[PDB]
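Report on the following structure.
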């Protein structure tokens with residue numbers, strides 16, 4: 001209940017060095033506020049994060065929405081905060097196409113290779129897959145799916161031409177363009193999803209009351225631009241479990 005050190009896991013939605021480096025600023029702030037030491041953990045894939053969480057081995061975990069839903073079925077954890085941008089607490093998936101191949105509509109996806117990220121990804125699997133299904137594209141019926149493991153790997157493949165289309169997170173696509181990792185004109189945005197709730201920061205439920213409240217507070221109070229720059233976020237807001245029922249519903253269907 002009162003750990004001297006805090007194990008903090010971060011979703012491997014991109015390469016580990018990108019993820020680690022994005023949260024370094026936030027790690028330092030949380031050391032100063034909680035007066036505790038933090039070791040970051042970035043798993044090899046989303047499923048191994050979910051496993052590590054299900055051992056009671058993590059103190060905090062920054063999960064994606066679907067991965068949170070899956071981890072919560074077998075882990076004693078509690079969502080408490082999520083990024084806010086422009087007083088909004090949500091985010092979008094994109095469907096993108098390879099521009100050389102002229103992949104600029106849903107109809108051009110038919111009979112081609114569609115890149116997804118991790119199988120437990122919300123915005124690089126579940127969401128883009130539902131968007132494709134609403135448009136009568138079904139995996140292994142009228143197109144071929146490949147799982148390339150991460151959002152940055154999706155962007156890379158689609159821009160390369162190894163895949164003709166892909167599904168990934170709109171903020172990650174945006175960061176990738178701004179950092180120069182991907183050339184913008186090699187990819188065409190086909191569609192954007194509806195709003196889904198942002199990734200939940202979660203904590204272990206059997207943590208001490210006063211520590212749980214201190215952690216939540218630390219997030220809610222954070223205001224400086226430099227620390228949130230790698231997420232293009234103005235703040236954190238609070239979230240609860242029920243906010244993820246929209247994701248469960250889509251996961252059910």
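Please note: Cβ atoms are built from the backbone with ideal geometry, for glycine as well, and neighbour counts cover all protein chains shown. No lab work stands behind these numbers, since they all come straight from the coordinates.
Hey, among 181, 174, which residue is within 22 Å of residue 46 (Cα to Cα) and out of contact with any strand residue (DSSP E or B) (no Cβ under 9 Å at 6 or more places or on another chain)?
None of the others qualify; the one that does is 174.
Based on this model, can you work out whether residue 221 counts as closer than 24 Å to residue 7 by Cα and exposed (fewer than 13 other Cβ atoms within 10 Å of the Cβ)?
On the way: closer than 24 Å to residue 7 by Cα: yes; exposed (fewer than 13 other Cβ atoms within 10 Å of the Cβ): yes.
Considered against the rule, which asks whether it is closer than 24 Å to residue 7 by Cα and exposed (fewer than 13 other Cβ atoms within 10 Å of the Cβ), residue 221 comes out as yes.
Sort out which residues of the stretch 120-136 are outside any helix (DSSP H, G or I) and surrounded by 21 or more Cβ atoms within 10 Å (Cβ to Cβ), and write them in order of number.
Within the stretch 120-136, the subset outside any helix (DSSP H, G or I) is 120-121, 135-136.
120, 121, listed by residue number.
Report yes if residue 238 is within 20 Å of the chain's Cα centre (by Cα) and under 23 Å from residue 23 (Cβ atoms), otherwise no. Spell out the reasoning first.
Working: within 20 Å of the chain's Cα centre (by Cα): yes; under 23 Å from residue 23 (Cβ atoms): yes.
So residue 238 passes the test.
Mind listing just one residue for me: the one in the stretch 196-216 that is surrounded by fewer than 17 Cβ atoms within 10 Å (Cβ to Cβ) and in contact (Cβ under 8 Å) with a residue 12 or more places away in the chain and, of those, nearest to the chain's Cα centre (by Cα)? Show your work before the answer.
As a first pass, look at the stretch 196-216 and keep what is surrounded by fewer than 17 Cβ atoms within 10 Å (Cβ to Cβ): 205-206, 208-210, 213-214.
If we keep only those that are in contact (Cβ under 8 Å) with a residue 12 or more places away in the chain too, we end up with 205-206, 208, 214.
On the way: 205: 22, 206: 25, 208: 28, 214: 25 Å.
Per the stated criteria, the residue is 205.
Condition first: in contact with a strand residue (DSSP E or B) (Cβ under 8 Å, 6 or more places away or on another chain) and more than 23 Å from residue 72 (Cβ to Cβ). Now tell me which residues in the stretch 204-224 satisfy that. Even if it seems obvious, please write down each step before you answer.
If we filter the stretch 204-224 for residues that are in contact with a strand residue (DSSP E or B) (Cβ under 8 Å, 6 or more places away or on another chain), which is where we start, we get 204-205, 212, 215-216, 219-220, 222-223.
222, 223, listed by residue number.
Can you work out which of the residues in the stretch 73-119 that are part of a loop (DSSP other than H, G, I, E, B) and free of Cβ contacts under 8 Å to residues at least 60 places away in the same chain is nearest to residue 153 (Cα to Cα)?
If we filter the stretch 73-119 for residues that are part of a loop (DSSP other than H, G, I, E, B), which is where we start, we get 73-76, 86-87, 89, 92, 99-106, 110-112, 117-119.
Next cut, free of Cβ contacts under 8 Å to residues at least 60 places away in the same chain only: 73-75, 102, 110-112.
Numbers: 73: 28, 74: 29, 75: 29, 102: 20, 110: 21, 111: 21, 112: 18 Å.
Result: 112.
Restricting to the stretch 1-25, and then to whatever is part of a helix (DSSP H, G or I) and within 17 Å of the chain's Cα centre (by Cα), can you tell me which residue is surrounded by the fewest Cβ atoms within 10 Å (Cβ to Cβ)? Break it down into steps so the answer makes sense when it comes.
Just the residues of the stretch 1-25 that are part of a helix (DSSP H, G or I), to begin with: 16-25.
So of that shortlist, the ones also within 17 Å of the chain's Cα centre (by Cα) come out as 16-23.
Values: 16: 14, 17: 9, 18: 20, 19: 20, 20: 15, 21: 12, 22: 15, 23: 19.
So, considering only residues that are part of a helix (DSSP H, G or I) and within 17 Å of the chain's Cα centre (by Cα), the one surrounded by the fewest Cβ atoms within 10 Å (Cβ to Cβ) is 17.
Could you tell me which residue of the stretch 53-65 is farthest from the chain's Cα centre (by Cα), considering only residues that are farther than 21 Å from residue 18 by Cα and in a helix (DSSP H, G or I)?
Of everything passing the filter in the stretch 53-65, 54 is farthest from the chain's Cα centre (by Cα).
Which of the residues belonging to the stretch 225-252 are free of Cβ contacts under 8 Å to residues at least 60 places away in the same chain and either touching a strand residue (DSSP E or B) at 6+ places or on another chain (Cβ under 6 Å) or assigned to a loop (DSSP other than H, G, I, E, B) (or both)?
If the condition is that a residue be free of Cβ contacts under 8 Å to residues at least 60 places away in the same chain and either touching a strand residue (DSSP E or B) at 6+ places or on another chain (Cβ under 6 Å) or assigned to a loop (DSSP other than H, G, I, E, B) (or both), then no residue fits.
Against the conditions (1) without any contact (Cβ under 8 Å) to a residue 60 or more places away in the chain; (2) surrounded by fewer than 20 Cβ atoms within 10 Å (Cβ to Cβ); (3) under 15 Å from the mean Cα position of the chain (by Cα), where does residue 176 fall short? Just the number, please.
With respect to (1) without any contact (Cβ under 8 Å) to a residue 60 or more places away in the chain; (2) surrounded by fewer than 20 Cβ atoms within 10 Å (Cβ to Cβ); (3) under 15 Å from the mean Cα position of the chain (by Cα), residue 176 is out only on (2).
Conditions: (1) surrounded by 14 or more Cβ atoms within 10 Å (Cβ to Cβ); (2) more than 29 Å from residue 174 (Cα to Cα); (3) in contact with a helix residue (DSSP H, G or I) (Cβ under 8 Å, 6 or more places away or on another chain). Residue 37 meets all but one. Number of the miss?
(1)
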